[PDB]
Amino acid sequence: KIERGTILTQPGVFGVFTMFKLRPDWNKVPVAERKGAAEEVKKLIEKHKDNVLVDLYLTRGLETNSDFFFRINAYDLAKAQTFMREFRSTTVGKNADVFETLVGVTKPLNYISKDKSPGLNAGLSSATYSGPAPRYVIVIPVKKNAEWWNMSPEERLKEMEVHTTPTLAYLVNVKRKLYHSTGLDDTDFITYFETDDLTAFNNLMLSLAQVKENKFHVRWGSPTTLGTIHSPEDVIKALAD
């Protein structure tokens, strides 16, 4: 069994973000098969109720290299693979090419833990998202250079302490999730955000762009994917027409 509330909260959970782009011969799939496409994803998601957690986002109209993207969470990478492999046999699956994939895994806190930084940690755990259900999702893969990794844990802590300080306040505004990827894919992290206030999201990044940590990014985006939040079937219904 796989419960949303738990799997998104736990360490050892594999995140698989996959960005698809619809090929032009999709508008030539017969309106009938295309309308029936949504139910098919919905049943596929149900059929794996117990193997993976599925999220699906709409980026068509906001992104060059994707029309929609999935966020799979799984206790087992192989199972996230099997879902995706089966998704690609779907009617929509057979009509979209993959433009991005990011594999990461969840871990315990490395810096702002109860032990190491109790002060900021109390802040982080007891802060609570306010106001409107988030209409937008942002996914940003982030990779830091060899210099970063070769600083001592004390120095890296200091800098993550600096990361946390202006950002804790945006927790009323923005939901966050951090996956780890070094060794597993071509990035060090995958970050995932949901927010209703894009102006606030901009200011949040500017905050972080402005601290020493930013000096070690060799990837911070590329792509920065920002699309819009819906139910799996709605995304597909919107792709259809």
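For every residue, the number given is its place in the sequence shown, counted from 1.
Two stretches are in play, 98-106 and 131-139, and the higher mean C-alpha B-factor belongs to 131-139.
For the pair 224-232 and 6-14, the mean Cα B-factor is higher in 6-14. The maximum CA B-factor among the listed residues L206, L53, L56, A37, taken from the PDB record, is found at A37. Note on the listed residues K42, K212, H180, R176: the highest Cα temperature factor in the record is that of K42. Ranked by C-alpha B-factor against the other modelled residues of its chain, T195 falls in the middle third. Sort the modelled residues of the chain by CA B factor and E63 lands in the lowest third. Sorting the modelled residues of the chain by their CA temperature factor places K144 in the lowest third. Ranked within its chain, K114 lands in the highest third, by CA B factor from the PDB record.
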